[PDB]
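Colleague: First the structure, then my questions, so here it is.
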Amino acid sequence: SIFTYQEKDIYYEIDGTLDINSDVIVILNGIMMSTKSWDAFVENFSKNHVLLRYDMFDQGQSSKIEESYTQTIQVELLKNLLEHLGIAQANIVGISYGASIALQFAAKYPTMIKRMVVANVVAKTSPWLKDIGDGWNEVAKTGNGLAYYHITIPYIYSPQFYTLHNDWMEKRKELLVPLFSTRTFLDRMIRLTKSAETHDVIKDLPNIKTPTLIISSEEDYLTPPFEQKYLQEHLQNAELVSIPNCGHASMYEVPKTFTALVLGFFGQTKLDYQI
Amino acid sequence: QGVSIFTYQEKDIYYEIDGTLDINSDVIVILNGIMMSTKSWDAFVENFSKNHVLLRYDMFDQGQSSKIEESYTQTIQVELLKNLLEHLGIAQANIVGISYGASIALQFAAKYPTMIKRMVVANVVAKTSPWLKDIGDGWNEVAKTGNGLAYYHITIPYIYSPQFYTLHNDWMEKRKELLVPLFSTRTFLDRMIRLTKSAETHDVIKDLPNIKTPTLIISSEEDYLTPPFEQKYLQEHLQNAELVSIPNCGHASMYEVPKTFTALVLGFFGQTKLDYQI
Amino acid sequence: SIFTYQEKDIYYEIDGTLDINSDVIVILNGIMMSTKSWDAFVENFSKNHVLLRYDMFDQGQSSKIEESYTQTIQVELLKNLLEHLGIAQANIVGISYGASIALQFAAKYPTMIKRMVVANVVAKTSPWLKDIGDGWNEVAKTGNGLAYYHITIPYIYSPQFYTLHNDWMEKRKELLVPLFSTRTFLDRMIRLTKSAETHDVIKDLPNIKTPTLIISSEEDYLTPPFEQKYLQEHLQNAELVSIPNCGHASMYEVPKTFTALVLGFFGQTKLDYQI
Amino acid sequence: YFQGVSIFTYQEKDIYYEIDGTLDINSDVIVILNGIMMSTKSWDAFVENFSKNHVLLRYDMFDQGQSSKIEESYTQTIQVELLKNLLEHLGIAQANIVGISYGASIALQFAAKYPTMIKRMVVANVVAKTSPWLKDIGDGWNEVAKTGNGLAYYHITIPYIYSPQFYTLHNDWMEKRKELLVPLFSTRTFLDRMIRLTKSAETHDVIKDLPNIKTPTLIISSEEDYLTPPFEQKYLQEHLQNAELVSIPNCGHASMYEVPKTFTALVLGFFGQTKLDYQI
């Protein structure tokens with residue numbers, strides 16, 4: 001499926017029959033993710049929901065953006081995509097980069113969101129995180145896929161996970177390094193990383209009344225828990241959940257947990273409790 | 001005496017079923033805490049029983065079930081659960097327990113693992129430490145005096161987190177002026193003493209490497225009764241266990257974070273397949 | 001010897017030779033403590049320092065105050081005791097109840113403190129903490145030392161410590177219970193607990209420039225770490241230290257660490273680092 | 001010559017060392033084991049406080065500071081034997097040892113082989129073994145260092161040395177560090193030293209020796225340490241039996257730099273203690 005949005009082609013996948021009948025779950029990908037990266041979650045996510053997966057600009061099978069852009073064009077992408085598919089409201093679950101989009105999207109179009117689940121998410125790109133991005137880009141500008149791997153992924157996963165499932169890491173390392181060596185992937189990553197520099201929804205938080213459940217990884221070395229602790233206080237109806245011994249990629253480290261929180265929060269009939 | 005009443009060993013067991021129960025039903029059974037009854041889960045009935053058949057019951061010395069004046073461990077609560085499930089024609093069930101109920105869930109999963117599909121344990125220990133045991137001796141000792149005011153003050157501020165206790169203090173005070181009378185009646189105190197003493201023998205450490213039951217452990221960071229290091233121990237010795245920590249939350253995760261508790265329970269039971277191909 | 005103060009006798013102990021050129025370390029006792037409860041620390045504490053230990057009102061071998069009193073009585077006791085001994089300025093270290101006294105003292109007489117080390121300390125008695133104190137008092141009124149034991153002591157130590165050294169607990173238990181059963185000990189505890197109800201130095205915290213090192217126990221179920229976190233943020237020159245797997249009684253669980261923190265902070269020649 | 005003052009001729013190579021105070025057989029000595037990016041001058045701020053009641057011994061290990069280079073593949077073994085022979089050179093029988101990061105690894109190995117030459121020990125931001133995780137991070141540093149890019153090398157190392165809070169709070173201070181560090185990180189000789197020091201840490205493994213280390217140890221752990229995480233310190237503390245653990249909230253891998261008062265208090269306090277045995 002292709003959403004001819006603006007001048008470019010936007011790739012999206014739909015699991016389940018989309019008619020106005022059912023609740024939609026929209027997945028907002030991380031900066032290194034595509035639609036196929038959520039294949040393991042499709043069956044569980046689309047049993048009582050219509051699952052909407054799509055690749056953002058400069059992602060996966062979607063077209064490129066060779067000009068300077070912030071995360072704004074990704075937010076407008078999400079709105080126009082939903083309007084294209086005739087989706088009035090939807091449950092939004094985003095992670096990392098996608099989690100940043102969801103917060104911006106909840107700040108501009110709250111009437112298109114039922115409930116929201118953000119994982120491994122900051123309210124604003126700190127000077128610390130920005131310099132990390134400059135590190136990723138500078139290494140990507142050399143075209144060294146081996147170097148680019150060894151500086152990104154050990155901080156995506158917790159040290160415990162990387163060590164425990166090291167053979168799993170190595171087998172994936174043999175193919176990720178060639179992927180990280182291609183100028184196609186890297187140039188897309190550079191652009192996607194620069195766009196995240198201007199991420200700032202701090203002054204939008206006290207006005208986002210969208211029911212939110214925040215997932216926090218204790219061993220997240222990219223978006224540390226203190227950033228999630230901040231988010232939960234300034235969001236009015238925010239829920240917080242911490243995942244012990246887990247890195248920035250909670251999706252893979254604890255898939256049963258991730259799904260439980262997402263399906264559980266979206267699946268609740270009532271959210272107000274009479275206790 | 002009997003509808004919503006299960007006569008068992010010439011004694012009455014009160015229970016409630018929400019939804020219609022047949023052979024197709026996917027059941028969620030709730031194992032109560034040491035101070036809880038079926039009515040304490042009223043706020044979760046609508047959500048838990050939307051796509052499930054909610055089975056709530058009161059254990060011995062609990063709620064509106066009969067009393068047990070003879071000394072007893074938690075083994076009679078484990079057999080109770082089996083015979084109750086058999087009585088209602090329930091072969092398998094999803095078990096969610098908390099505190100005392102979570103201890104019954106573990107002992108049950110060790111004895112009758114075939115009667116469980118999935119399990120969620122919240123604020124749970126694998127074994128009653130000498131620390132927790134002496135805390136119980138203090139609860140009992142004050143209960144032995146009949147002082148309801150004293151009993152309240154030495155139990156409840158440990159049920160909840162300091163932050164929640166402070167933030168919702170007037171929710172604690174209006175709920176206190178009726179708790180103190182409850183804590184002042186002997187029968188309730190007598191039930192509390194026998195239930196607390198039944199937990200002294202909680203020990204499933206040897207059973208942990210054998211429990212193949214898919215389990216989600218709920219941990220509270222500000223739990224001053226069943227501390228996080230206990231759940232961490234449980235999640236390491238169980239073969240198929242997952243751990244979740246709730247920041248700024250007391251022993252009563254049921255009441256402090258009802259949204260989270262529901263999401264985790266419904267989410268873990270509602271998953272089609274726990275096998276992820278990563 | 002004895003310090004006749006304020007109508008009444010105050011018991012104190014001095015280790016070393018007292019000069020005005022003395023490096024004095026004053027220890028502010030916990031609510032259940034006395035001078036005899038710091039004996040194990042005496043040798044280390046009084047090697048390069050002159051150690052002053054004293055029993056506060058309703059404590060140890062000091063007289064009783066049957067009248068209703070707050071912590072401001074203990075505060076004036078410390079000042080007058082120091083003036084009595086001719087001590088102008090001294091390093092003050094306190095824990096629990098004594099640590100609360102230290103804060104009220106540092107806010108009223110900052111010129112009589114060189115450096116301060118407070119352990120297991122809050123800036124204000126929370127409604128939660130006070131209702132705990134009401135529980136202690138309400139049980140203390142029944143005279144049941146057996147009941148009074150099991151509702152106080154297991155919360156003073158961490159579960160790990162109480163379990164690992166249960167023999168150490170049980171042998172002390174056979175002595176603490178007869179002591180907790182005396183009306184003399186209980187009446188003192190009740191009044192010492194009632195005085196701790198009015199603890200509030202929140203307003204004073206930004207005005208305390210006294211160099212402070214805050215000790216916090218992760219498994220403190222009485223004065224939790226978040227209260228220390230609050231303390232370290234609103235004191236301009238305060239450093240924080242967290243002790244893993246430790247309870248409200250730092251001294252007995254980690255005596256090597258406690259003394260290292262106290263001696264190390266006081267022993268430091270210069271606190272300002274060109275770094 | 002051997003009239004080289006503050007120079008120890010070892011295996012036909014020059015080892016630089018600095019001593020604050022005067023040395024004696026009676027002298028109470030503190031030996032500092034540097035981090036992987038550190039030298040003797042990296043401890044200047046601590047000199048006055050550390051040498052108050054102790055004889056401070058600072059020295060640069062191989063491929064560090066002012067000491068000679070190594071252009072052979074070496075493990076941390078040559079760093080351990082260096083410490084032993086340096087101590088013997090100065091006539092030091094026993095000494096208190098404080099080590100951080102890389103030097104902390106040397107301390108444990110030294111405590112594993114020569115426990116008689118240690119009085120008391122302090123280790124900060126320390127692992128009991130180089131994990132496959134920590135090892136692949138080092139490969140990342142090495143890979144980037146190979147390119148000679150100083151700007152890239154800086155951005156992939158230092159943000160993980162300091163805590164995110166600290167790095168943001170004292171940010172403009174970090175960027176003026178950067179104007180001087182980027183050229184330093186661009187020099188081949190510096191990068192080559194960093195590579196060989198990194199490769200040497202790959203074979204760090206003292207799990208074998210932990211239950212045999214009876215040395216009075218105080219472990220300093222940082223909560224926002226993203227290179228030697230807290231869980232690694234908890235492991236060390238449970239398999240060492242004369243070990244105590246202290247945690248530093250809101251602090252990164254460079255604990256000494258973020259909390260200099262705290263670091264000093266723990267070191268001076270744990271060493272300056274006369275008798276460790278408490279009758280409680």
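Following the order of the structure tokens, first chain is A, next is B, and so on, with residues numbered from 1 inside each chain and ligands from 1 in the order they appear.
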Write down, as number ranges by chain, each residue of chain D that has any atom within 8 Å of an atom of chain C, counting only C-alpha atoms.
Modeller: D: 45-46, 48-49, 52, 244-249, 257, 259-262, 264-270, 272-276, 278-280
Colleague: How would the residues just picked look written out with N, CA, C and O atoms as a compact mmCIF listing (two decimals), in the first residue's frame?
Modeller:
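Dumped to part_28.txt:
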# COMPACT_ATOMS: atom_id res chain seq x y z
N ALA D 45 43.91 18.27 42.06
CA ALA D 45 42.94 18.83 42.99
C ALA D 45 42.85 18.01 44.27
O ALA D 45 42.47 18.52 45.33
N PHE D 46 43.20 16.73 44.18
CA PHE D 46 43.10 15.83 45.32
C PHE D 46 44.40 15.74 46.11
O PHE D 46 44.43 15.19 47.21
N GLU D 48 46.42 17.91 47.76
CA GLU D 48 46.54 18.56 49.07
C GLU D 48 45.80 17.78 50.16
O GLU D 48 46.30 17.65 51.28
N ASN D 49 44.62 17.27 49.84
CA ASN D 49 43.82 16.53 50.81
C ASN D 49 44.31 15.10 51.00
O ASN D 49 44.24 14.56 52.10
N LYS D 52 47.70 15.04 53.09
CA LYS D 52 47.62 15.63 54.42
C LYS D 52 48.25 14.73 55.48
O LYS D 52 49.11 15.16 56.24
N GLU D 244 32.51 -3.24 51.05
CA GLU D 244 31.31 -2.45 51.31
C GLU D 244 30.99 -1.60 50.09
O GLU D 244 31.88 -1.24 49.32
N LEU D 245 29.71 -1.30 49.90
CA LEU D 245 29.27 -0.59 48.71
C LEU D 245 28.65 0.77 49.04
O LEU D 245 27.82 0.89 49.94
N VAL D 246 29.07 1.79 48.30
CA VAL D 246 28.49 3.12 48.42
C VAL D 246 28.00 3.59 47.05
O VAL D 246 28.72 3.50 46.06
N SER D 247 26.77 4.10 47.01
CA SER D 247 26.17 4.53 45.75
C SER D 247 26.08 6.06 45.66
O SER D 247 25.72 6.72 46.63
N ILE D 248 26.40 6.60 44.49
CA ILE D 248 26.37 8.04 44.28
C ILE D 248 25.27 8.42 43.28
O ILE D 248 25.44 8.24 42.08
N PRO D 249 24.15 8.94 43.79
CA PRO D 249 23.01 9.35 42.95
C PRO D 249 23.36 10.51 42.02
O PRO D 249 24.18 11.36 42.39
N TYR D 257 35.17 13.54 39.23
CA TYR D 257 35.01 14.86 38.62
C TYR D 257 33.68 15.51 38.98
O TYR D 257 33.59 16.74 39.10
N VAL D 259 31.60 14.54 41.77
CA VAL D 259 31.48 14.67 43.22
C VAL D 259 32.84 14.56 43.92
O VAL D 259 33.12 13.57 44.60
N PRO D 260 33.68 15.59 43.76
CA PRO D 260 35.04 15.55 44.31
C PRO D 260 35.07 15.49 45.84
O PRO D 260 35.94 14.82 46.40
N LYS D 261 34.15 16.16 46.51
CA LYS D 261 34.08 16.07 47.94
C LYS D 261 33.72 14.72 48.43
O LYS D 261 34.33 14.20 49.31
N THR D 262 32.72 14.13 47.83
CA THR D 262 32.27 12.80 48.21
C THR D 262 33.36 11.75 47.98
O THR D 262 33.61 10.92 48.85
N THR D 264 36.60 12.11 47.85
CA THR D 264 37.68 12.29 48.82
C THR D 264 37.29 11.80 50.20
O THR D 264 38.09 11.16 50.89
N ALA D 265 36.05 12.09 50.61
CA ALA D 265 35.56 11.68 51.92
C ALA D 265 35.58 10.16 52.08
O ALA D 265 35.97 9.64 53.12
N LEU D 266 35.16 9.46 51.03
CA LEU D 266 35.15 8.00 51.05
C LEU D 266 36.57 7.43 51.11
O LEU D 266 36.83 6.48 51.84
N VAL D 267 37.48 8.03 50.35
CA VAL D 267 38.85 7.56 50.29
C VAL D 267 39.60 7.84 51.59
O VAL D 267 40.18 6.93 52.19
N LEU D 268 39.58 9.10 52.02
CA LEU D 268 40.26 9.49 53.25
C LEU D 268 39.63 8.84 54.47
O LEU D 268 40.31 8.50 55.44
N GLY D 269 38.31 8.65 54.42
CA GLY D 269 37.58 8.06 55.53
C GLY D 269 37.84 6.57 55.67
O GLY D 269 38.00 6.07 56.79
N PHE D 270 37.90 5.86 54.55
CA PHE D 270 38.11 4.42 54.57
C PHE D 270 39.56 4.08 54.89
O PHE D 270 39.84 3.05 55.50
N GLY D 272 41.79 6.40 56.50
CA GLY D 272 42.17 7.04 57.75
C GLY D 272 41.62 6.36 58.98
O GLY D 272 42.02 6.66 60.10
N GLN D 273 40.69 5.44 58.77
CA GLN D 273 40.16 4.60 59.84
C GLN D 273 41.26 3.72 60.41
O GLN D 273 42.05 3.13 59.67
N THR D 274 41.29 3.63 61.73
CA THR D 274 42.38 3.02 62.47
C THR D 274 42.13 1.54 62.63
O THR D 274 43.02 0.72 62.46
N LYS D 275 40.90 1.21 62.97
CA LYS D 275 40.49 -0.16 63.19
C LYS D 275 39.12 -0.34 62.58
O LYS D 275 38.19 0.42 62.84
N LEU D 276 39.03 -1.35 61.71
CA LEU D 276 37.84 -1.59 60.92
C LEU D 276 36.84 -2.48 61.65
O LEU D 276 35.70 -2.63 61.22
N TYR D 278 34.24 -3.50 64.37
CA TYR D 278 33.27 -2.87 65.26
C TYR D 278 32.58 -3.89 66.15
O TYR D 278 32.08 -4.91 65.67
N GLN D 279 32.57 -3.61 67.44
CA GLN D 279 31.85 -4.44 68.39
C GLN D 279 30.42 -3.93 68.53
O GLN D 279 30.08 -3.28 69.52
N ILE D 280 29.59 -4.19 67.53
CA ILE D 280 28.21 -3.73 67.56
C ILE D 280 27.25 -4.87 67.92
O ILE D 280 26.39 -4.71 68.78
Colleague: Hey, what's within 9 Å of region 25-27 of chain C if we count only C-alpha atoms and toss same-chain stuff fewer than 6 positions away? As a ChimeraX atom specification, please?
Modeller: /C:35,38,45-46,49-54,90-95,98,266
Colleague: For chain B, which residues have at least one atom within 10 Å of chain C, if we go by only C-alpha atoms? Write them as a PyMOL selection string, please.
Modeller: chain B and resi 129-145+147+149-158+160-167+169+222-230+248
Colleague: From region 54-191 of chain C, collect each residue whose DSSP state is alpha helix (DSSP H) and return the set as an MDAnalysis selection string.
Modeller: chainID C and resid 72:84 97:108 127:140 145:150 153:156 159:164 166:180 183:191
Colleague: Next, the residues of the selection above should be written as a PDB file, in the first residue's frame with C-alpha atoms.
Modeller:
ATOM      1  CA  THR C  72      13.377  23.601  70.010  1.00  0.00           C
ATOM      2  CA  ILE C  73      14.157  22.474  73.561  1.00  0.00           C
ATOM      3  CA  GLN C  74      16.822  20.082  72.270  1.00  0.00           C
ATOM      4  CA  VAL C  75      18.199  22.820  70.013  1.00  0.00           C
ATOM      5  CA  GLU C  76      18.808  25.240  72.879  1.00  0.00           C
ATOM      6  CA  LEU C  77      20.327  22.347  74.811  1.00  0.00           C
ATOM      7  CA  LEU C  78      23.048  21.887  72.192  1.00  0.00           C
ATOM      8  CA  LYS C  79      23.958  25.582  72.060  1.00  0.00           C
ATOM      9  CA  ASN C  80      24.100  25.978  75.831  1.00  0.00           C
ATOM     10  CA  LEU C  81      26.048  22.737  76.214  1.00  0.00           C
ATOM     11  CA  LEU C  82      28.659  23.958  73.733  1.00  0.00           C
ATOM     12  CA  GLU C  83      28.893  27.347  75.451  1.00  0.00           C
ATOM     13  CA  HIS C  84      29.269  25.531  78.766  1.00  0.00           C
ATOM     14  CA  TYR C  97      15.936  12.491  65.616  1.00  0.00           C
ATOM     15  CA  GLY C  98      19.382  14.001  66.131  1.00  0.00           C
ATOM     16  CA  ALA C  99      19.662  14.741  62.426  1.00  0.00           C
ATOM     17  CA  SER C 100      16.476  16.797  62.722  1.00  0.00           C
ATOM     18  CA  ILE C 101      18.043  18.671  65.632  1.00  0.00           C
ATOM     19  CA  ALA C 102      21.114  19.352  63.498  1.00  0.00           C
ATOM     20  CA  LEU C 103      19.001  21.058  60.832  1.00  0.00           C
ATOM     21  CA  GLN C 104      17.155  23.262  63.320  1.00  0.00           C
ATOM     22  CA  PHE C 105      20.519  24.118  64.883  1.00  0.00           C
ATOM     23  CA  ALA C 106      22.177  24.894  61.542  1.00  0.00           C
ATOM     24  CA  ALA C 107      19.288  27.243  60.777  1.00  0.00           C
ATOM     25  CA  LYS C 108      19.525  29.125  64.077  1.00  0.00           C
ATOM     26  CA  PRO C 127       1.670  13.171  57.828  1.00  0.00           C
ATOM     27  CA  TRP C 128       2.674   9.602  56.996  1.00  0.00           C
ATOM     28  CA  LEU C 129       5.630   9.669  59.391  1.00  0.00           C
ATOM     29  CA  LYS C 130       3.617  11.308  62.174  1.00  0.00           C
ATOM     30  CA  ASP C 131       0.823   8.713  62.059  1.00  0.00           C
ATOM     31  CA  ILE C 132       3.560   6.106  62.430  1.00  0.00           C
ATOM     32  CA  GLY C 133       4.682   7.985  65.528  1.00  0.00           C
ATOM     33  CA  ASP C 134       1.096   7.985  66.780  1.00  0.00           C
ATOM     34  CA  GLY C 135       1.145   4.211  66.399  1.00  0.00           C
ATOM     35  CA  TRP C 136       4.302   3.918  68.462  1.00  0.00           C
ATOM     36  CA  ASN C 137       2.807   6.163  71.140  1.00  0.00           C
ATOM     37  CA  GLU C 138      -0.575   4.415  71.184  1.00  0.00           C
ATOM     38  CA  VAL C 139       1.168   1.078  71.702  1.00  0.00           C
ATOM     39  CA  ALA C 140       3.602   2.621  74.192  1.00  0.00           C
ATOM     40  CA  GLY C 145       7.143  -3.874  75.400  1.00  0.00           C
ATOM     41  CA  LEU C 146       6.592  -7.042  73.394  1.00  0.00           C
ATOM     42  CA  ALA C 147       4.112  -5.219  71.175  1.00  0.00           C
ATOM     43  CA  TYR C 148       6.221  -2.051  71.161  1.00  0.00           C
ATOM     44  CA  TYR C 149       9.244  -4.025  69.973  1.00  0.00           C
ATOM     45  CA  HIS C 150       7.739  -5.686  66.913  1.00  0.00           C
ATOM     46  CA  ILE C 153      12.625  -2.377  65.467  1.00  0.00           C
ATOM     47  CA  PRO C 154      11.922  -4.299  62.230  1.00  0.00           C
ATOM     48  CA  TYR C 155      11.520  -0.934  60.455  1.00  0.00           C
ATOM     49  CA  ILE C 156      14.784   0.440  61.854  1.00  0.00           C
ATOM     50  CA  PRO C 159      14.882  -6.681  55.669  1.00  0.00           C
ATOM     51  CA  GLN C 160      18.180  -8.020  54.294  1.00  0.00           C
ATOM     52  CA  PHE C 161      20.042  -7.072  57.474  1.00  0.00           C
ATOM     53  CA  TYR C 162      17.302  -8.324  59.802  1.00  0.00           C
ATOM     54  CA  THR C 163      17.350 -11.653  57.957  1.00  0.00           C
ATOM     55  CA  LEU C 164      21.123 -12.009  57.603  1.00  0.00           C
ATOM     56  CA  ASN C 166      18.694 -12.634  62.873  1.00  0.00           C
ATOM     57  CA  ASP C 167      20.848 -14.134  65.625  1.00  0.00           C
ATOM     58  CA  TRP C 168      22.208 -10.660  66.348  1.00  0.00           C
ATOM     59  CA  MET C 169      18.610  -9.431  66.444  1.00  0.00           C
ATOM     60  CA  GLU C 170      17.169 -12.221  68.608  1.00  0.00           C
ATOM     61  CA  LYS C 171      19.864 -11.938  71.275  1.00  0.00           C
ATOM     62  CA  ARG C 172      19.318  -8.188  71.521  1.00  0.00           C
ATOM     63  CA  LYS C 173      15.569  -8.813  71.352  1.00  0.00           C
ATOM     64  CA  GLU C 174      15.520 -10.565  74.732  1.00  0.00           C
ATOM     65  CA  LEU C 175      16.844  -7.337  76.244  1.00  0.00           C
ATOM     66  CA  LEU C 176      15.051  -4.698  74.215  1.00  0.00           C
ATOM     67  CA  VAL C 177      11.644  -6.136  75.144  1.00  0.00           C
ATOM     68  CA  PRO C 178      12.107  -5.867  78.929  1.00  0.00           C
ATOM     69  CA  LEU C 179      13.462  -2.345  78.387  1.00  0.00           C
ATOM     70  CA  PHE C 180      10.564  -1.466  76.079  1.00  0.00           C
ATOM     71  CA  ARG C 183       6.996   2.863  81.795  1.00  0.00           C
ATOM     72  CA  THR C 184      10.071   5.066  82.179  1.00  0.00           C
ATOM     73  CA  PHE C 185      11.412   4.225  78.717  1.00  0.00           C
ATOM     74  CA  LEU C 186       7.990   4.429  77.067  1.00  0.00           C
ATOM     75  CA  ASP C 187       7.000   7.779  78.590  1.00  0.00           C
ATOM     76  CA  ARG C 188      10.281   9.248  77.350  1.00  0.00           C
ATOM     77  CA  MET C 189       9.762   7.780  73.875  1.00  0.00           C
ATOM     78  CA  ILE C 190       6.235   9.179  73.632  1.00  0.00           C
ATOM     79  CA  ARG C 191       7.348  12.719  74.469  1.00  0.00           C
TER      80      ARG C 191
END
Colleague: Show which residues sit within 9 Å of residue 199 (chain B), as JSON, numbers by chain. Count only C-alpha atoms, and ignore same-chain residues fewer than 6 positions away.
Modeller: {"B": [73, 74, 100, 103, 128, 133, 136]}
Colleague: Keeping C-alpha atoms for every residue in the selection just given, could you write it to a file as a CSV table (one decimal), in the first residue's frame?
Modeller:
chain,number,residue,atom,x,y,z
B,73,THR,CA,-1.2,-22.9,57.2
B,74,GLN,CA,-1.9,-21.6,53.7
B,100,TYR,CA,-1.4,-13.0,50.7
B,103,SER,CA,1.4,-16.5,48.1
B,128,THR,CA,8.2,-15.2,54.6
B,133,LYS,CA,7.3,-12.8,60.3
B,136,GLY,CA,3.2,-10.1,61.6
Colleague: When you look at residue 14 (chain D) with a cut-off of 8 Å (counting only C-alpha atoms), what residues show up, excluding the ones that are within fewer than 6 positions of it in the same chain? I need them as a ChimeraX atom specification.
Modeller: /D:7-8,67-68
Colleague: List every residue of region 88-194 of chain D that DSSP, applied to the backbone of this structure, assigns to strand (DSSP E or B), and report them as a VMD selection string.
Modeller: chain D and resid 95 to 100 118 to 124 129
Colleague: Those same residues, written as a PDB file, in the first residue's frame with N, CA, C and O atoms?
Modeller:
ATOM      1  N   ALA D  95      50.764  -0.584  50.941  1.00  0.00           N
ATOM      2  CA  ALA D  95      50.205   0.707  50.560  1.00  0.00           C
ATOM      3  C   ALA D  95      48.694   0.642  50.378  1.00  0.00           C
ATOM      4  O   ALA D  95      48.158  -0.362  49.909  1.00  0.00           O
ATOM      5  N   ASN D  96      48.013   1.717  50.761  1.00  0.00           N
ATOM      6  CA  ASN D  96      46.597   1.869  50.458  1.00  0.00           C
ATOM      7  C   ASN D  96      46.429   2.153  48.972  1.00  0.00           C
ATOM      8  O   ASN D  96      47.150   2.974  48.408  1.00  0.00           O
ATOM      9  N   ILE D  97      45.482   1.471  48.337  1.00  0.00           N
ATOM     10  CA  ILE D  97      45.286   1.625  46.900  1.00  0.00           C
ATOM     11  C   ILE D  97      43.902   2.165  46.558  1.00  0.00           C
ATOM     12  O   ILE D  97      42.885   1.612  46.974  1.00  0.00           O
ATOM     13  N   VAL D  98      43.877   3.258  45.803  1.00  0.00           N
ATOM     14  CA  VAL D  98      42.632   3.796  45.273  1.00  0.00           C
ATOM     15  C   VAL D  98      42.692   3.805  43.746  1.00  0.00           C
ATOM     16  O   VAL D  98      43.606   4.377  43.152  1.00  0.00           O
ATOM     17  N   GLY D  99      41.724   3.150  43.114  1.00  0.00           N
ATOM     18  CA  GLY D  99      41.696   3.054  41.666  1.00  0.00           C
ATOM     19  C   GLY D  99      40.319   3.307  41.085  1.00  0.00           C
ATOM     20  O   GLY D  99      39.304   3.016  41.719  1.00  0.00           O
ATOM     21  N   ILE D 100      40.287   3.851  39.874  1.00  0.00           N
ATOM     22  CA  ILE D 100      39.029   4.140  39.197  1.00  0.00           C
ATOM     23  C   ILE D 100      39.091   3.687  37.736  1.00  0.00           C
ATOM     24  O   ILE D 100      40.138   3.787  37.093  1.00  0.00           O
ATOM     25  N   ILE D 118      49.076  -4.681  49.881  1.00  0.00           N
ATOM     26  CA  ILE D 118      47.948  -3.770  50.042  1.00  0.00           C
ATOM     27  C   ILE D 118      47.468  -3.734  51.487  1.00  0.00           C
ATOM     28  O   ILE D 118      47.248  -4.778  52.102  1.00  0.00           O
ATOM     29  N   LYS D 119      47.306  -2.531  52.027  1.00  0.00           N
ATOM     30  CA  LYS D 119      46.721  -2.367  53.352  1.00  0.00           C
ATOM     31  C   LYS D 119      45.201  -2.313  53.240  1.00  0.00           C
ATOM     32  O   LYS D 119      44.501  -3.213  53.707  1.00  0.00           O
ATOM     33  N   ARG D 120      44.698  -1.251  52.617  1.00  0.00           N
ATOM     34  CA  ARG D 120      43.272  -1.117  52.333  1.00  0.00           C
ATOM     35  C   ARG D 120      43.070  -0.644  50.899  1.00  0.00           C
ATOM     36  O   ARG D 120      43.954  -0.013  50.320  1.00  0.00           O
ATOM     37  N   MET D 121      41.909  -0.946  50.328  1.00  0.00           N
ATOM     38  CA  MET D 121      41.672  -0.670  48.914  1.00  0.00           C
ATOM     39  C   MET D 121      40.336   0.025  48.661  1.00  0.00           C
ATOM     40  O   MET D 121      39.329  -0.284  49.297  1.00  0.00           O
ATOM     41  N   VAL D 122      40.344   0.972  47.728  1.00  0.00           N
ATOM     42  CA  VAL D 122      39.126   1.644  47.291  1.00  0.00           C
ATOM     43  C   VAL D 122      39.010   1.581  45.772  1.00  0.00           C
ATOM     44  O   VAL D 122      39.926   1.980  45.053  1.00  0.00           O
ATOM     45  N   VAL D 123      37.885   1.070  45.284  1.00  0.00           N
ATOM     46  CA  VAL D 123      37.659   0.977  43.847  1.00  0.00           C
ATOM     47  C   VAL D 123      36.397   1.733  43.434  1.00  0.00           C
ATOM     48  O   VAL D 123      35.329   1.553  44.019  1.00  0.00           O
ATOM     49  N   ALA D 124      36.532   2.591  42.428  1.00  0.00           N
ATOM     50  CA  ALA D 124      35.418   3.412  41.967  1.00  0.00           C
ATOM     51  C   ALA D 124      35.116   3.142  40.503  1.00  0.00           C
ATOM     52  O   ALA D 124      36.031   3.084  39.679  1.00  0.00           O
ATOM     53  N   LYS D 129      34.735  -7.955  35.532  1.00  0.00           N
ATOM     54  CA  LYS D 129      35.096  -8.564  34.259  1.00  0.00           C
ATOM     55  C   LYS D 129      34.596  -7.711  33.102  1.00  0.00           C
ATOM     56  O   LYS D 129      33.504  -7.144  33.166  1.00  0.00           O
TER      57      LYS D 129
END
Colleague: Determine, counting only C-alpha atoms, which protein, DNA and RNA residues have an atom within 10 Å of an atom of residue 194 (chain B); residues of the same chain fewer than 3 positions away are not included. Present the result as a ChimeraX atom specification.
Modeller: /B:60-61,67-73,140,189-191,197-199
